[PDB]
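# Coordinate inspection notes
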Amino acid sequence: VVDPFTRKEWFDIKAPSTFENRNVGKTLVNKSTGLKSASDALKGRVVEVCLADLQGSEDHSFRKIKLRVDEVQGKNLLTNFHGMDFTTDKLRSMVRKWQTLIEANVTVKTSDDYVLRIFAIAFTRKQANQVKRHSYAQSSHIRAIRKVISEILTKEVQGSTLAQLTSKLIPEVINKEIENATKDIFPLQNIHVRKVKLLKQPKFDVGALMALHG
Amino acid sequence: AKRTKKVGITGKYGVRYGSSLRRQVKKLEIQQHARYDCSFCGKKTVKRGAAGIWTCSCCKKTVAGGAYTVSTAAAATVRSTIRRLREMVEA
Amino acid sequence: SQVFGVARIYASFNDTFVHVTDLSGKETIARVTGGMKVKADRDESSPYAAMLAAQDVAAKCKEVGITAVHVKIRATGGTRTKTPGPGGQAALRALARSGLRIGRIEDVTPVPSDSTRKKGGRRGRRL
Amino acid sequence: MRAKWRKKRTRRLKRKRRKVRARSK
Amino acid sequence: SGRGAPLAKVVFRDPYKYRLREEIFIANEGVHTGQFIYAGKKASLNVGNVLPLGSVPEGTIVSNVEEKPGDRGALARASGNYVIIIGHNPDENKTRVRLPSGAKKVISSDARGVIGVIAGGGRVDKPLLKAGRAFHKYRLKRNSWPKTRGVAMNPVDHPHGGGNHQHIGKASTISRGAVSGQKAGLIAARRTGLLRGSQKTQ
Amino acid sequence: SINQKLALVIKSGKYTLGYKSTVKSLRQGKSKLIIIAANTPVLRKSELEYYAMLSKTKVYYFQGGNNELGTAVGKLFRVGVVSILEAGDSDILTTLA
Amino acid sequence: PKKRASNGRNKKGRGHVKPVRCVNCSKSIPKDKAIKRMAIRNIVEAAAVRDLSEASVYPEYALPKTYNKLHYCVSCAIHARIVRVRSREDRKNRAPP
RNA sequence: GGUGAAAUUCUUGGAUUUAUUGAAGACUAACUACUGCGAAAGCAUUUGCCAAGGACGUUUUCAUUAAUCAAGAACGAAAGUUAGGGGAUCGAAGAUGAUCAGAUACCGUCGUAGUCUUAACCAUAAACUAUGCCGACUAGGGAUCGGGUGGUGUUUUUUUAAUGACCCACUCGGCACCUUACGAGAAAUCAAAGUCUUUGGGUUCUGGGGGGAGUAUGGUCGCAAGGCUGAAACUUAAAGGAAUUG
Ligand SMILES: [Mg+2]
Ligand SMILES: [Mg+2]
Ligand SMILES: [Mg+2]
Ligand SMILES: [Mg+2]
Ligand SMILES: [Mg+2]
Ligand SMILES: [Mg+2]
Ligand SMILES: [Mg+2]
Ligand SMILES: [Mg+2]
Ligand SMILES: [Mg+2]
Ligand SMILES: [Mg+2]
Ligand SMILES: [Mg+2]
Ligand SMILES: [Mg+2]
Ligand SMILES: [Mg+2]
Ligand SMILES: [Mg+2]
Ligand SMILES: [Mg+2]
Ligand SMILES: [Mg+2]
Ligand SMILES: [Mg+2]
Ligand SMILES: [Mg+2]
Ligand SMILES: [Mg+2]
Ligand SMILES: [Mg+2]
Ligand SMILES: [Mg+2]
Ligand SMILES: [Mg+2]
Ligand SMILES: [Mg+2]
Ligand SMILES: [Mg+2]
Ligand SMILES: [Mg+2]
Ligand SMILES: [Mg+2]
Ligand SMILES: [Zn+2]
Ligand SMILES: [Zn+2]
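Note that residue numbers begin from 1 in each chain and follow the written sequence, not necessarily the entry's scheme, while residues that lack coordinates are absent from the view. Whichever chain is written first is A, and whichever ligand is written first is 1; the rest continue in order. In this view the chains form part of a larger assembly, and all numbers refer to the visible part. Hydrogens and waters are ignored; side-chain quantities use all the structure's heavy atoms. Residues with missing side-chain atoms are left out of burial classes, side-chain pairs and their counts.

Method of structure determination, per the deposited record: X-ray crystallography was used for this entry, reaching 2.9 Å resolution.

Note the following rule: UniProt positions are given in the numbering used here, feature names are shortened, and annotations may be inferred rather than shown by experiment.
Within the PDB entry, the label attached to chain C reads 40S ribosomal protein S14-B, and the organism entered is Saccharomyces cerevisiae. Comment text from UniProt for chain C, heading Sequence similarities, reads "Belongs to the universal ribosomal protein uS11 family."

The name given to chain A in the PDB entry is 40S ribosomal protein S1-A, with the source organism recorded as Saccharomyces cerevisiae. For the record of chain A, the UniProt heading Subcellular location holds the text "Cytoplasm". UniProt annotates chain A under Sequence similarities with the comment "Belongs to the eukaryotic ribosomal protein eS1 family."

### Describing the overall build of chain A
Defined as follows: Strands are runs of DSSP state E lasting at least 2 residues, helices are runs of H or I lasting at least 4, and numbering of each runs from the N terminus. Think of it in three bands: residues with accessible area under 20% of the maximum for their type are buried, residues over 50% are exposed, and the middle band is partly exposed, with areas taken using a 1.4 Å probe on protein chains only. By the convention used here, residues are in contact when the closest approach between their heavy atoms is within 4.5 Å. Note on areas: Shrake-Rupley, 1.4 Å probe, and residue coverage restricted to the protein chains presented here. Charge counting follows a simple rule: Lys and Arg are positive, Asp and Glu are negative, and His as well as the terminal groups are ignored. Here the site of a charge means atom NZ of a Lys, CZ of an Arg, CG of an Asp or CD of a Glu.
On a plain count of helices and strands, chain A comes out with six helices and seven strands. Ordering the α and β elements of chain A from the N terminus gives β-β-α-β-β-α-β-β-α-α-α-β-α. Taken over the C-alpha atoms alone, chain A extends approximately 70 × 40 × 25 Å along its principal axes. Split into buried and exposed, the 214 residues of chain A put 38% on the buried side. Pairs at least 24 apart in sequence give 58% of the contacts found in chain A among residues at least 6 apart. About 12,600 Å² of surface is accessible on chain A, with carbon and sulfur atoms providing 53% of the total. Each charge class in chain A was averaged separately, 36 positive and 23 negative side chains, and the resulting centres sit 7 Å apart.

### Quick word on the sheet that holds strand 5 (residues 101-109) of chain A
One key point about sheets: their strands pair by backbone hydrogen bonds, in either a parallel or an antiparallel sense. Residue and element names in this part refer to chain A. What counts here: Two strands pair if DSSP finds at least two bridges between them. In this description, a line fitted to the C-alpha atoms serves as the axis of each element, helices being fitted only across the stretch in contact, and the angle between N-to-C directions of two axes falls anywhere from 0 to 180 degrees.
Ordered by their spatial adjacency, five strands build an open sheet running 3-4-7-6-5, and the pairing between neighbours is antiparallel. Since the sheet does not close on itself, it has two edges, and those belong to strand 3 (64-71) and strand 5, each with one partner. For this sheet, the mean inter-axis angle between neighbouring strands, taken without regard to orientation, is 30°. Most of the contacts of helix 3 (residues 140-157) go to strand 5, to which it runs at about 30°, and overall it touches strand 5 and strand 6 (115-123).

### Notes on the interface of chain F and chain B
Cut-off, in case you're wondering: In short, buried area is how much 1.4 Å probe accessible area vanishes from two parts on joining, totalled over both. The salt bridge criterion pairs a side-chain nitrogen of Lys or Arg with a carboxyl oxygen of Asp or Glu, the two atoms within 4 Å. Nitrogen and oxygen atoms within 3.5 Å of one another constitute a polar contact, given that in protein one can donate a hydrogen and the other can accept it, and given that sequence-neighbouring residues count only through two side-chain atoms. All residues other than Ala, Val, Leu, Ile, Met, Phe, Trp, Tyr, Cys, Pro, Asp, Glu, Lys and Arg, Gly among them, are scored as polar; the first ten of these are nonpolar and the last four charged.
Facing the four residues of chain F at the interface are five residues of chain B. Here chain F meets chain B over a buried area of about 320 Å², counting both sides, of which 27% is carbon and sulfur. For chain F, the biggest contributors to the area lost against chain B are F:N39, F:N67 and F:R78; these three give 89% of the whole. Taken together, chain F and chain B are joined by zero salt bridges. Where chain F touches chain B, the interface holds two residue pairs in polar contact. Classifying every residue of the side of chain F that touches chain B by side-chain character gives no nonpolar, three polar and one charged.

### A closer look at the protein's contact with RNA strand H
Counted only if it meets this: Nearness is judged by heavy atoms alone; a residue qualifies as near a molecule or strand once a single heavy atom is within 4 Å of it.
Taken together, 78 residues form the shell around RNA strand H, and within it A:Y136, A:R146, C:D114, G:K31 and G:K69 come nearest. Taking the atoms of RNA strand H that fall within 4 Å of the protein, sugar and phosphate contribute 75% of them. Taking G:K36, its side chain carries an N or O atom lying 2.5 Å from a phosphate oxygen of RNA strand H. For the surface near RNA strand H, the secondary-structure elements that each account for two or more residues are helix 3 of chain A together with helix 1 (3-22) of chain D. The element that contributes the greatest number of residues to the surface near RNA strand H is helix 1 of chain D, accounting for seven residues.

### Section: the arrangement of the chains
In this assembly five pairs of chains touch, with chains B and E having more contacts than any other pair. Kept free of each other, chain B and chain C leave a smallest C-alpha distance of 28 Å between them. Nothing in chain C touches chain F, and the closest approach of their C-alpha atoms is 40 Å.

### Things to note about the sheet that holds strand 2 (residues 33-37) of chain F
All names here are of chain F. Pairing is mixed across the open sheet formed by four strands, whose spatial order is 1-4-2-3. Each end of this open sheet is capped by a strand with a single partner; those strands are strand 1 (14-17) and strand 3 (58-62). Each adjacent strand pair in this sheet contributes to an overall mean axis angle of 20°, direction not counted. In the packing of helix 3 (residues 42-55) onto the sheet, contacts are made with strand 2, strand 3 and strand 4 (81-86), and the angle to strand 2 comes to roughly 170°.

### Concerning the environment of B:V78
Mapped onto the elements, B:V78 comes out in helix 2 (residues 73-87). A C-alpha to C-alpha distance of 19 Å links B:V78 and B:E90, two positions twelve residues apart in sequence. Those residues in contact with B:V78, other than ones at most four positions away along the chain, are E:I61 and E:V117.

### Quick word on the nonpolar core
Residues and elements named next belong to chain A. Which entries qualify depends on this criterion: Remark: nonpolar core denotes a set of buried residues (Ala, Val, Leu, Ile, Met, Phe, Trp, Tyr, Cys) joined through side-chain atoms within 4.5 Å.
Grouped together as the largest cluster of nonpolar side chains are 32 residues, with contacts concentrated most on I145 and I149. With seven residues, helix 3 is the largest single contributor of residues to this core. Apart from residues no more than four positions distant in its own chain, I145 is found in contact with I102, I185, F186 and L188.

### Quick notes on the layout of surface pockets
Residue and element names in this part refer to chain G. Put simply, the test is: With a 1 Å grid spanning the protein atoms alone, the term cavity applies to any set of points in which a 1.4 Å probe fits but cannot get out, the term pocket to an open set with protein on both sides within 12 Å along at least five of seven lines, and the term lining residue to any residue with an atom within 4 Å of a point. Grid points are joined across faces, edges and corners, and a volume is the space filled by probe spheres set on the points.
Space inside the second largest pocket adds up to approximately 1,600 Å³. The wall of the second largest pocket is formed by 34 residues, among which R9, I35, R37, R86 and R91 lie closest to the centre. Sorting the residues of the lining of the second largest pocket by element identifies strand 3 (35-42) and helix 1 (75-79) as the ones contributing at least two each. Among the elements that line the lining of the second largest pocket, the one with the most residues is strand 3, at four residues. Looking at side-chain class alone, the lining of the second largest pocket contains 13 nonpolar, five polar and 16 charged residues.

### Some words on the pairing of strand 1 (residues 46-49) of chain B
Residues and elements named next belong to chain B. Here four bridges tie strand 1 to strand 2 (residues 53-56), and the two strands are oriented antiparallel to one another. Paired with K47 across the two strands is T55, which belongs to strand 2. Count of turn residues in the strand 1/strand 2 antiparallel hairpin: three residues, of which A50 carries a positive phi of about 60°.

### Concerning empty space enclosed by the protein
It is a probe the size of a water molecule, rolled over the atoms, that shows where empty space is left. Residues and elements named next belong to chain A. For the largest cavity, the calculated volume is near 370 Å³. Taken together, 26 residues form the lining of the largest cavity, with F81, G83, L162, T166 and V196 sitting closest to its centre. Where the lining of the largest cavity is concerned, the elements lending two or more residues are strand 3, strand 4 (78-85), strand 6 and helix 4 (162-169).

### Thoughts on a nonpolar patch on the surface
As a reminder of what qualifies: Each patch is built from salt-bridge-free residues with over 30% relative accessible area, joining like charges within 9 Å and nonpolar side chains (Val, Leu, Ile, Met, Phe, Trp, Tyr) within 5 Å.
The grouping of F:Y50, F:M53 and F:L54 at the surface amounts to a nonpolar patch, some 360 Å² of accessible area in total. Mapping F:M53 onto the fold places it in helix 3.

### A look at the interface of chain B and chain E
Of the residues lining the interface, 28 residues belong to chain B; the matching set on chain E comes to 30 residues. Interface area, chain B with chain E, both sides summed: about 2,300 Å², of which 66% is carbon and sulfur. Of all residues in chain B, B:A64, B:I82 and B:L85 bury the most surface against chain E, accounting for 20% of the area lost on that side. Inspection of the chain B/chain E interface yields zero salt bridges. Run the count over chain B and chain E and you get twelve residue pairs in polar contact. Listed by contribution, the elements that provide at least two residues to the side of chain B that touches chain E are helix 1 (19-33), strand 3 (62-64) and helix 2 of chain B.

### A word on the pairing of strand 4 (residues 65-72) of chain G
All names here are of chain G. With respect to burial, strand 4 is a largely interior element, six of its eight residues being buried. In terms of strand pairing, strand 3 meets strand 4 through eight bridges, oriented antiparallel. When the bridges of strand 4 are listed, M38 appears paired with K69.

### Side note on the packing of aromatic side chains
All names here are of chain E. So the rule is basically this: Pairing of aromatic side chains requires ring centres within 6.5 Å, counting the rings of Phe and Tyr and the six-membered ring of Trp. Pairs whose planes differ by under 30 degrees are stacked, by over 60 edge-to-face, and all others tilted.
All told, the structure shown has seven aromatic pairs over all chains when counted by the stated rule. Ring centres of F12 and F25 lie 6.4 Å apart, and the angle between their planes is 55°; on these two criteria the pair is classed as tilted. Residue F12 is located in strand 1 (residues 7-13), and its partner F25 is located in strand 2 (residues 20-26); the two are separated by 13 residues in the primary sequence. Aromatic pair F135 and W145: ring centres 5.8 Å apart, planes at 70°, arrangement edge-to-face. Within this pair, whereas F135 is found in helix 1 (residues 131-139), its partner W145 is found in the loop between helix 1 and strand 9 (173-174), the two being separated by ten residues in sequence. Residue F135 is classed as partly exposed on the basis of its relative accessible area of 39%. Given the relative accessible area of 28%, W145 is considered partly exposed.

Okay, here's the thing in C-alpha cells:
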C-alpha cells in the first residue's frame, strides 16, 4: 500500500487585521521538494469562512467570504481578501412574493489599485399602518433609488483603501446609509450589499501586504 | 419611364449566366459604382477605382477601402475595438 | 475547536456523491461514494447504499485524520432537477452519526438566470 | 385522418400534379 | 498588378543621412493619403501604425505580421486578412496569435505588425461570371489558367489518363510518400467528401 | 442643446458664413465667437485659431461636420465656419460656451 | 364547449406570456398556466435531526433549508402533484389549503 | 453515465468530482401577481441618447374638422427561403441503443439544418375572448392599476413642519373578479351574448344541409415552400350543437 497519508505535512492561514479572530485552521499541499514543490504553486487558493465564524456572534452570520492565498514563508501561510457574498438561505428567505426587489451594482476603485464590482439588494417594507397586501413602489422610485445607491457605493469605495473598505462594511452601516436617502422615497426593508468581487491587481508589492499583521 | 423591372445595371449581361449570378453581381456593382461621402470634406465625391482605392473628386484625398465599398463591416468593427483597446491604455 | 475540511456532497436520481477535502479545495482526499457497495445500478442513488458507502467515506476521513467539516451539498441542478436527491441526506445521516463534527452548512446547487434551454423540447419526455 | 395530415396529403398531391403538367408546359 | 490589396507608399526620413526613404506597405483598410504613420516599440495603438506584438494588448488586430523579428512582414497580407493576438507569455516574451487559416502560432513579441485589417476585402464575393474575367485575372499573375482535367488526357499525360469512359479508375487520394509524377489528386487527404457541419476551428 | 441657442441668433442677430468673410470679420475685430465644424482641416483650424487669438475672439468647436453645422444654421449648404457679429438675444456669448 | 372562463390560467390582457419548462418532463408551458408550488424542505429528517446536532459544534446555530420554486406541466402536475381533479362547481374554488 | 429497468457511451487519456481560471454564443431566473404597456404580433438586468403614447388635470385653442369603411397600404409569433456573420445551447433530418410480433416512433445517444444577428424575402397560427367598430340606456358588490380632489387621518422627529410612504372618502379612465337577474339564450352560460314578433341609432364583414373541396380552372403575388381570389359534375338523409340519463 502506497498509503500517501504519511506523505505530506499541514500548513496554516491566519486572518489579516480588520477582524478579531484570525486563526483559520490548517491545509495540506505537498512536501516541499525542489523539483516542483511548494514555493510557486502556493498562494493560489481561497477558503470559505463564515463571518460569525470569523469575528463574533450571529448578528453577523450570513456573509460568505473568499480569501486569496497571498504569499508564504516558514509557518506563514497568509491570505488576503478575494471578495464576498451572501448565503443561499437568507436570500431565498428575503425574496418574499408580494413585494418589490431592487438590485444594483457598480465597478469602482480604491486607493489600493483594485477596481471592483459591488452589489446591493433592497426590498419593500409595508408601512405598518397599512391595508394593501402587496406593498409595491412605482418605478419613479426604483430608478431614483438605484440612482442613489449608485451615488453612495462609489463614494465609499473610491472613499478609501480596500482594507478600510473591509472595515467600512463589516460594521455594515453602509446598509442604512442607503436607508438615509431611501427614507424620503420608500419604506425599503432588508437593505444589504450582498456580494463583492473583482479580478485585477497591482503586481504583488510584497511589502504592502505585511502591513496587516503584528 | 422605368426601363427594367428587375435587372437594373445588370442588363448589360443580357440573358447569360443565370439569374442568381447576375443578381449577386448587381449588388456589388451598385456598391462599387455609387458615389460615397467624403469624411475629410463632407461632400459625396469619393468614387472607386482599382478596388480598395477610394478617392475624393475635390480635395484629392484617397482612402484604402473594401473591394466594393469604402468601409467593410469587418474594418468598422475593428476600428471600434481598436479605439476600445486604445482608450484602455491611457486611463 | 478542532480540524476542518469541506464536505462536497451531491445528489442525483440513480447516483449520489460525497467527498472530503481541504478547505482550499485544491487537494482532494477521498471521495468514491457512487455505485460502490451497491451494484445493481438501479440502486446507485438508494439511501441504503448511500449510507453503506458513506461509512467507508467517513472511514478514510478519520483514517487520515480530521474531525469536522461543514457541507457544500447540492443536487445536479443546472437545467435539470435542482431539487435534492435520495442518497444525499441518508449519507450525512450516517456521517454525523459516525461521530464527526459539523458546522456552517449551505447549498451550492447551480441555478442560472433562465437560459440554455432544457432537453426534451416543448413536449418534454413523453410517457 | 388528422386535418393537418390531410393538408400535407394534398399539398403533396398538388406539388405532384403541378409537376406532372409542367412536363407539357 | 496581380494583387488584391492596394499598396501604400510611405515616406520617412533617413535617421543617418539627409535623405528620404520611401517604403512600400500594404494598405490596411481606412488608411489615407497624407496620413501620419508611427513605427516602433513606443508607438500608439492607431490603425496604420506598426508596433511589436509585445506592445499591443490581446484582441489587437494586425496585418503584415513577421514570423521572426525584422523579416519585414510575412503573415496576413492578402486582401481582407488579419491575425488576432490571443495572449502573451512575457517570461519567454512570446506572443500567441491566430492567423487567417485558423491555426494559432506563437512568435517573438518583437515581431512587428500593422494595426488594422488589410484593404480590398470582399473581392471574392463577386462572381467572375465569364471566362474572360478569369483570363484577365491570371494574365497578370501567371500561366496557371485555364486548367485541363487530367481525366480528359491520354494515359501518357496523366495518372487519370485514358479509358473508354472518363474516370480516375483508382483512389483519387494520394500518399504523402508518393513520388513526383504520382502526386495528382487529393494529396495526403485525411478525409474527403462534402464537409457537413460547422467547420470553424474548435 | 446648443443648436437651439445658435438657431436663435439666425432669426435674431448678425452672422457671417464662410472661411473668407469670417476672417475679414476676425481681423476687423467684429467677431465675438467663431464656430468650427469637426471635419474642417487642421491647418485652416489653426489659422482661424491664430486670428481669433489676435482679435481676442473666442472659438467653439462644433462636434459635427460642416454638413451638420450648415443645416444647423438653417442653410442648405455645407458651412466650414460661422462667425457671429451680433448675438441678437442669444446668451451664447455668456453661456458656458 | 368551454370548461373555464379562466380557460388556461390567470392571463387576461397580454396575448403572450413567455413560457416556463416543467420540472418533471421539461415540457414547456406558459408561465401564467404553469401551476406553481414553492418547495421549502429543510436539511433535516425525522430521526436524523437530533444527532447531527449531538456530535456537533455551533450548538444548532442556524438550521437553514432549500428554497426553490416548482413549475409543472399540467399533465405531469396531474400525474402526482396537486390537481386531484375537482368537480364542476368545486373546481372554481381558489382556496389553497 | 442514463432510465421503469437497461444498453449504445466516457474512463492510464485520471475520467464523474475539486480548485484556480479564461473563451464563445444564448437567455434574463427568484422578485412575477387573476399586476402594467402596445393596433395586433408582442414586450421583464443597467445606464445614456432618440423620437412616440393613453388616462388625468384644464373658466386654454379650433369649431363639425366626425363614425365606419370595398379598392389600396403599414405592421404582422413560429417555422421556412436568399447573402454575410455566428454557430455556446437545445435540436425536424439522418445514424444508432434499447423496447415490440413488428417499432421507420414514444425512452437513450450522436448530431446535420435550425436555433442567434445583419440586409432582403415570405404573410401564414386554435394570429382566440373561437365574441366588429363608434354612440346611448338598463344592476348590486368589494379588491386593484393610473390621474386627480378632499384632511385640526396615522408614521418619519429634526424641534414641528415641508416632504415622502401609508389610512380613509370621492370622481374620471384601465386589467379583472364577485353576487344576482329584471332580461337573454337550444342550452352551456351572458352586464352583454341585455334594452326583438311590443321585431328599425350609424356603419363594415361573413354564412345559407353534409360531402365533393378550399379540390379544378383562370388571374395575381412569391426565389421557392406556398399566399389571395376560387367553382362544378356527381354523391348523400343526415352531418352538427348544448344538455340528460346510462
Ligand atoms: Mg402519461
Ligand atoms: Mg420536357
Ligand atoms: Mg495557358
Ligand atoms: Mg478546376
Ligand atoms: Mg477543366
Ligand atoms: Mg481524349
Ligand atoms: Mg501513368
Ligand atoms: Mg495509379
Ligand atoms: Mg482513366
Ligand atoms: Mg467522370
Ligand atoms: Mg371536451
Ligand atoms: Mg394563455
Ligand atoms: Mg396569440
Ligand atoms: Mg433579472
Ligand atoms: Mg382592382
Ligand atoms: Mg449549431
Ligand atoms: Mg430517426
Ligand atoms: Mg431498431
Ligand atoms: Mg424515419
Ligand atoms: Mg387565417
Ligand atoms: Mg384563447
Ligand atoms: Mg366578456
Ligand atoms: Mg378566424
Ligand atoms: Mg357595476
Ligand atoms: Mg331564464
Ligand atoms: Mg393556381
Ligand atoms: Zn473630400
Ligand atoms: Zn411535466
